[PDB]
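**Q**
In PDB author numbering, the protein residues as written are 6 to 52.
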């Protein structure tokens, strides 16, 4: 169900999960949006 990183969105309708980092005072919420402007895959985002 949940996607990982750099997945096909064009020929695949799957929910792009969010990889949020932990540990340490500095946090980071790595998201994944379906980009269809270049090729058509879900790449990292949010920042």
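A virtual CB, placed ideally from N, CA and C, is assigned to each residue, including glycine.
With a CB to CB cut of under 6 Å and the five nearest residues on each side skipped, what residues in its chain are close to residue 25?
**A** If we look at residue 25 and ignore the five residues flanking it on each side, its Cβ neighbours are 34.
**Q** What do you reckon, are the CB atoms on residue 8 and residue 22 nearer than 8 Å?
**A** Contact: yes.
**Q** By DSSP, does residue 38 sit in helix, in strand, or in coil?
**A** In this structure, residue 38 counts as strand in the three-state DSSP scheme.
**Q** Thinking residue 19 and residue 45 are a contact (beta carbons under 8 Å), I'd like their distance in whole angstroms, please.
**A** Actually they do not touch by this definition, with Cβ atoms about 13 Å apart.
**Q** According to DSSP, is residue 15 helix, strand or coil?
**A** It is coil, neither helix nor strand.
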